[PDB]
Amino acid sequence: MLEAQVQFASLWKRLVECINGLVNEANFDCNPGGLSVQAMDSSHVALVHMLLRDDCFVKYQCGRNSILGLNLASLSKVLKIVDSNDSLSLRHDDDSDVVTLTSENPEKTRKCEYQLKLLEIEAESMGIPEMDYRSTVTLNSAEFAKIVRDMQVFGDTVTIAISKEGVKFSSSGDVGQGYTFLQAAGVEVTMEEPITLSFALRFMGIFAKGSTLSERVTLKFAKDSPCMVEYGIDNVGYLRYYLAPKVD
Amino acid sequence: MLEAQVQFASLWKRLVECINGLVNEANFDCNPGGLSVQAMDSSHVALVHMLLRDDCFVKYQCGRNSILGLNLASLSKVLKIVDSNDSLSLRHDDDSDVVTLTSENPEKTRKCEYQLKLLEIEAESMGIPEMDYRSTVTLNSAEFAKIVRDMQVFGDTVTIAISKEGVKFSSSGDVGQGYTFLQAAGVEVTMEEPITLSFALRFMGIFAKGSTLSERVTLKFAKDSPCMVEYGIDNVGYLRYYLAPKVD
Amino acid sequence: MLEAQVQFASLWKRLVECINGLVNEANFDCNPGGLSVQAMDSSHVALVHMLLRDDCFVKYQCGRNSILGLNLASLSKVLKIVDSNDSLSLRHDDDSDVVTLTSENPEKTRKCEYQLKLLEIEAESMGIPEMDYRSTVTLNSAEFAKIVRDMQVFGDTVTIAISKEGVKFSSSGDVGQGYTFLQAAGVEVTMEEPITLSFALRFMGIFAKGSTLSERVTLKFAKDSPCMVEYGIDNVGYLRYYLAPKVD
Ligand SMILES: NC(=[NH2+])NCCC[C@H](N)C(=O)O
């Protein structure tokens, strides 16, 4: 059986939101190292990889590796009612077809218990592309979020140009033609060459909801290669998205 | 001939929003002892009693045991645009066919006068449930209101277990099962029975709007009988809702 | 070679907003006088004159006098993404098909630059009553706004009645009848004959959105005259609406 208590459900609420944006069901891999969702979107273009490390939690027990299919829709619909500042313990007793969240008040005056059915989740097609990333750029997560919401009013394909002295997000639509430019303030560009990719803005949008977790996001790029955008969870996990460049 | 000025219009606004959830039109029973609204919902499962005692107001004139039929659709739409912190004078002149709401700011610089046509509404047979209740829980009005929204993500029916330990709202549906357990002292049980009934959340919802009126709420239960939810309005009135149990 | 840099873009934002209320597109007359929009709604009942004198900018520049046709909806969408507290340099160049907006922060570490197609629009045919204005009445822009959306719960014709006592805003319909009355010698009435006209609230609504600019608002009237509602952009320009009265 697995047991994993978070001090503040804050985290789970902020986390499941991000990943429910990409996929409506995902397998949690629970080894003793910690919890680990790694799923693809249905178009096989974007991949989430989240790791919560054991020291993320106040209580963690997972003797042997169980895999739990959860419906992230339902999980979302529940965590939406769990209070920010309540604790949330997630258990599964090994034989059962259910997982169980339990939410206590600091002052123990109120206890909530919800239980969700597990699923058989079919395809773990996967393949964490991890190549070598030449170009990097790091910025206030919420700025990144605004910039994709901004580029969205124009077209549906942000074009990111990276150069010694800053980064240029450009889009184009019927409304006209935008560009936001961030001078290398703040904004830690640190590349090897000039480098320009483009990207489905739908997905950048799903990823940018990341800003709920980390003051700062990091985008990593390489030619012909999936960008990765990584949100650091404290020093106790990562939410990490990869997305195929647009070509054709 | 009647006039009822209240100092802070907030009271009227919050009240009409409360009973408007349940019914579209209702009779404003005006005695020398106070205003009373008694009204059953169209599906005959659910009752409002609303009393505002004579002291609740500032001016309150009413010899005659005079009645008023009022379109709460209309009344609500008007009270919407009346400043929370303005005076609201409800007047009806020796047999008009219209009520007049009149409104002034403290500084007497703005005056608002609204006129509503009255209805004939048959005073409903309905009558109040007769039971004395031996099982009472009192809890924070807003925690109550949260727990219905909470439970409604699962089902359309909520089971309320009263026990010396405390009340336990359970519900179930497609998403899965939940409950919210409260402990006694937040919460004031007065049981003498392992008594546990079930109820329509559509209605528990409508009721819990009561939170706008009173920081606490009392629920009363008789074995196989209508529950009452009471919202004390200062010590100058009550809003009382009664609802039928779900049974076999 | 037009250039028109405001310092706080919130003005461009708050303006286009008001006037987009009335028309989807509008010519921007750019004398070295300054920018002026002049335009009519589809139904040719209502008129917008706005003028920003050159003193209004921090870098005006306009040798000759170009007209600029703009899709206001396209411009409004772009201006929604622009930060209140940034630069906003406008700019047409000779024979050029496209105008260009250009935000930049105080801290000069984020250049934004957008590019809209110009339209061709049949220059304004009907062009200002240019009247006396017998009756006047100034009052808080925000209260005026409140009062129109008040009278909208009733009907969609407001009857404005002025005497020296104050100004009554009357309105009737299915719900009933309201009148909001304000008092003089903070309501700056002053007429030369009590008169009382009527108007479409549809349009008073669209106007009132000017409350975002001037804190006060001046209404002017005259028997069977196109009323006007003025809004000083403090003193670096104005925004003027004119509306045909409803007549018998
Ligand atoms: N668009 C992608 N995510 N492509 C990834 C490469 C192909 C395949 N997933 C593999 O590496 O085995």
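The rules behind these values
- Residues numbered from 1 in each chain as written, not as in the entry; some residues may be left out.
- Chains lettered and ligands numbered in written order.
- Heavy atoms only, no water.
- Helix = DSSP H or I, 4+ residues; strand = E, 2+ residues; numbered from the N terminus.
- Rg over C-alpha atoms; globule rule 2.2 N^0.38 Å.
- Buried < 20%, exposed > 50% of the residue type's maximum accessible area, 1.4 Å probe, protein only.
- Areas by Shrake-Rupley, 256 points an atom, 1.4 Å probe, with all protein chains shown as cover.
- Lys, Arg positive; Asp, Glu negative; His and termini not counted.
- Charge placed at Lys NZ, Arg CZ, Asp CG, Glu CD.
- Core = buried A, V, L, I, M, F, W, Y, C linked by side-chain atoms within 4.5 Å.
- Contact = heavy atoms within 4.5 Å.
- Buried area = accessible area lost by both parts, 1.4 Å probe.
- Salt bridge = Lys/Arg side-chain N within 4 Å of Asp/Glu carboxyl O.
- Nonpolar A, V, L, I, M, F, W, Y, C, P; charged D, E, K, R; others polar.
- Pairing = 2+ DSSP bridges.
- Patch = residues over 30% accessible without salt bridge, like charges linked within 9 Å, V, L, I, M, F, W, Y side chains within 5 Å.
- Least-squares fit on C-alpha atoms.
- Axes fitted to C-alpha atoms, helices over the stretch in contact; angles between N-to-C directions.
- Near = heavy atom within 4 Å.
- Polar contact = N/O pair within 3.5 Å; in protein donor to acceptor, adjacent residues only side chain to side chain.

Chemist: Any chance you could explain the overall build of chain A here in plain terms?
Modeler: Within chain A, the regular secondary structure consists of four helices and 17 strands. Against the compact-globule benchmark of 18 Å for 248 residues, chain A has a radius of gyration of 19 Å, which places it among compact chains. In terms of principal-axis extent, the alpha carbons of chain A reach across some 55 × 40 × 35 Å. The 248 residues of chain A split such that 55% are buried. When the accessible area of chain A is evaluated, it comes to approximately 11200 Å², of which 45% is carbon and sulfur surface. Each charge class in chain A can be summarised by its mean position, and for the 24 positive and 34 negative side chains these summaries are 4 Å apart.

Chemist: I tried to follow the nonpolar core on my own but got confused; where do I start?
Modeler: If you look at soluble globular proteins, the nonpolar side chains tend to sit buried side by side. Of all hydrophobic cores here, the largest spans 81 residues; its most connected members are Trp-12, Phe-28, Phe-144, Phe-169, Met-204, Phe-221 and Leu-239 of chain B. Apart from the residues lying within four places of it in its own chain, the contact partners of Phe-169 of chain B are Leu-139, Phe-144, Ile-147, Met-151, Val-158, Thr-159, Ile-160, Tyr-179, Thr-180, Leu-182 and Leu-219 of chain B.

Chemist: Before we go on, may I ask you to explain the interface of chain A and chain C in this structure?
Modeler: One frequent convention defines the size of an interface as the accessible area lost when the parts assemble. Facing the 15 residues of chain A at the interface are 13 residues of chain C. Across the chain A to chain C interface the summed buried area is about 1200 Å²; carbon plus sulfur atoms make up 55%. When the buried area of chain A at its contact with chain C is split by residue, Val-175, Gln-177 and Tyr-179 of chain A rank highest and sum to 42% of it. Seen at the junction of chain A and chain C, the total is one salt bridge. A salt bridge links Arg-110 of chain C to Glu-143 of chain A, with the nearest nitrogen and oxygen atoms 3.9 Å apart. Looking at the side of chain A that touches chain C, the elements that each hand over two or more residues are α3 (141–154) and β13 (177–183) of chain A. In terms of residue count, β13 of chain A provides more of the side of chain A that touches chain C than any other element does, seven residues in total. For the side of chain A that touches chain C, the class distribution of residues is seven nonpolar, five polar and three charged. Two elements, β13 of chain A and strand β9 (residues 110–112) of chain C, share three bridges in a ladder whose sense is antiparallel.

Chemist: Mind showing me how you'd approach the pairing of strand β13 (residues 166–173) of chain C here?
Modeler: Sheet faces and side chains relate simply in a regular strand, where the side chains alternate between the two faces. Residue and element names in this part refer to chain C. Direction of pairing for strand β12 (residues 157–162) relative to β13: antiparallel, over a ladder of four bridges. Paired with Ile-160 across the two strands is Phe-169, which belongs to β13. Here β12 folds back onto β13 in antiparallel fashion, the turn holding three residues. Examined bridge by bridge, β13 and strand β14 (residues 176–183) share eight bridges and lie antiparallel to one another. Each bridged residue has a counterpart across the sheet, and for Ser-171 the counterpart in β14 is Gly-178.

Chemist: Looking at this structure, I do not really get a negative patch on the surface. What am I missing?
Modeler: Residues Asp-93, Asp-94, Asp-95 and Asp-97 of chain C make up a contiguous surface patch of negative charge. Mapped onto the elements of the fold, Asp-94 of chain C is located in the loop between β7 (88–90) and β8 (98–101).

Chemist: What should I look at first to understand the relation of the copies chain A and chain C in this one?
Modeler: Here two copies of a chain appear, and what relates them is a rotation about an axis with a shift along it. When chain A is brought onto chain C, the operation consists of a screw motion whose angular component is 120° and whose axial shift is 0.3 Å, with 0.7 Å RMSD remaining. Such a turn and shift between the copies fits a three-fold axis. Rotation axis and chain A: the residue whose C-alpha lies nearest the axis is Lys-80 of chain A, separated from it by 17 Å.

Chemist: Sorry, what's going on with the sheet that holds strand β17 (residues 216–221) of chain C here?
Modeler: For sheets, the rule is that strands pair by backbone hydrogen bonds, running either parallel or antiparallel. All names here are of chain C. Strand order in this open sheet of eleven strands is β8-β10-β6-β2-β3-β4-β19-β18-β17-β11-β15, and the pairing throughout is antiparallel. Edge positions in the sheet fall to β8 and β15 (188–190), since each has one partner strand and no second. For this sheet the average axis-to-axis angle between neighbouring strands, irrespective of direction, equals 25°. The sheet contact formed by strand β2 (residues 25–30) and strand β6 (residues 69–71) spans three bridges and is antiparallel. Residue pairing across strands places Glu-25 opposite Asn-71, the latter belonging to β6. Contacting β2, β6, β8 and β10 (114–119), helix α2 (residues 72–80) crosses the sheet at an angle of about 65° to β6. Contacts between helix α4 (residues 201–208) and the sheet are confined to β4 (46–53), β18 (227–232) and β19 (237–243), with β19 contributing the most and set at about 175° to the helix.

Chemist: Sorry if this is basic, but what is going on with the site of the ligand here?
Modeler: In the region of the ligand, the neighbouring residues are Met-40, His-44 and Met-126 of chain A. When the free accessible area of the ligand is taken as 350 Å², the share hidden by the protein chains comes to 34%.

Chemist: Sorry, what's going on with the interface of chain A and chain B here?
Modeler: Listed per partner, the contact involves 13 residues of chain A and 14 residues of chain B. Of the roughly 1300 Å² buried between chain A and chain B, counting both surfaces, carbon and sulfur atoms make up 49%. The largest contributions to the chain A side of the interface with chain B come from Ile-81, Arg-110 and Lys-111 of chain A, which together make up 36% of the buried area. Applying the counting criterion to the chain A and chain B interface returns one salt bridge. Our count for the chain A to chain B interface comes out at eight residue pairs in polar contact. No other element matches strand β9 (residues 110–117) of chain A, which puts seven residues into the side of chain A that touches chain B.

Chemist: Looking at this model, I keep getting lost on the pattern of salt bridges. Mind explaining?
Modeler: For side chains of opposite charge, pairing can occur when their charged atoms come near one another. Applying the stated rule across the entire model yields 36 salt bridges over all chains. Here the salt bridges do not stand alone but share partners, grouping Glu-143 of chain A together with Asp-83, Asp-86 and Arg-110 of chain C into one network.

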